[PDB]
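Residues per chain, in single letters:
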Amino acid sequence: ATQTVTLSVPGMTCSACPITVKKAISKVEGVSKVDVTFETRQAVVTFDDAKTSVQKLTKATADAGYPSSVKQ
């Protein structure tokens with residue numbers, strides 16, 4: 001099933017960091033759409049929960065340098 005999750009990315013403080021994060025998520029098999037927002041240090045990920053999960057997403061971001069969690 002199609003899911004939409006918002007991730008908080010507190011380390012997304014450098015001007016190209018949105019793209020760093022976007023790339024890292026978008027590479028995850030089963031993701032459909034990633035939009036990132038510098039101002040609110042967040043990424044909104046639409047994905048298939050039969051193919052991947054929030055934990056695999058937050059692992060991808062941490063791997064790239066920017067650990068994340070579900071937005072509060």
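Residues carry numbers counted from 1 along their chain as the sequence is written. These may differ from the entry numbering, and residues without coordinates are not shown. Note that water and hydrogens are dropped before the side-chain values are worked out from all heavy atoms of the structure.

Draft legend 1. Inspection of helix α1 (residues 17-26) at higher detail. Along α1, the residues classified as buried are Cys17, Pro18, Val21, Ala24 and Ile25. For α1, the angular spread of buried residues about the axis comes to 135 degrees, placing them on one side. Within α1, the exposed residues directed more than 90 degrees away from the buried face are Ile19 and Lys23. Buried positions along α1 lie against β1 (2-8), β2 (31-37), β3 (42-48) and α2 (54-63). When accessible area is computed with a 1.4 Å probe and restricted to protein chains, residues below 20% of their type maximum are described as buried, those above 50% as exposed, and intermediate ones as partly exposed. Numbering of helices and strands runs from the N terminus, with a helix taken as a DSSP run of H or I at least four residues long and a strand as a DSSP run of E at least two residues long. Think of it as the arc spanned by the lines of direction from the helix axis to the C-beta atoms. Only heavy atoms matter for contacts: two residues are in contact if any of them lie within 4.5 Å across the pair.

Draft legend 2. Main features of the state of the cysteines. We call a pair of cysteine sulfur atoms a disulfide whenever their separation is within 2.5 Å. If you walk through the whole model with that rule in mind, you get 1 disulfide. Residue pairing for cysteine 14: its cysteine sulfur links by disulfide to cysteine 17, the two sulfurs lying 2.0 Å apart. On the S-S bond that ties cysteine 14 to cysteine 17, the torsion sits near 110 degrees, and the link is right-handed. What makes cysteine 17 buried here is its relative accessible area of 1%.

Draft legend 3. Main features of the pattern of salt bridges. The rule for a salt bridge is simple: a side-chain nitrogen of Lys or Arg has to be within 4 Å of a carboxyl oxygen of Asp or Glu. Counted under the stated rule, the structure contains 2 salt bridges. With a closest N to O distance of 3.6 Å, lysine 33 and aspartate 35 form a salt bridge. We note a salt bridge from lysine 59 to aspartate 63, for which the minimum N-O separation is 3.1 Å. Placement of the pair is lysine 59 and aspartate 63 together in helix α2, with a separation of 4 residues, close to one helical turn. When its relative accessible area of 56% is taken as the criterion, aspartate 63 is described as exposed.

Everything listed here is a matter of coordinates, which is why it stays silent on function.
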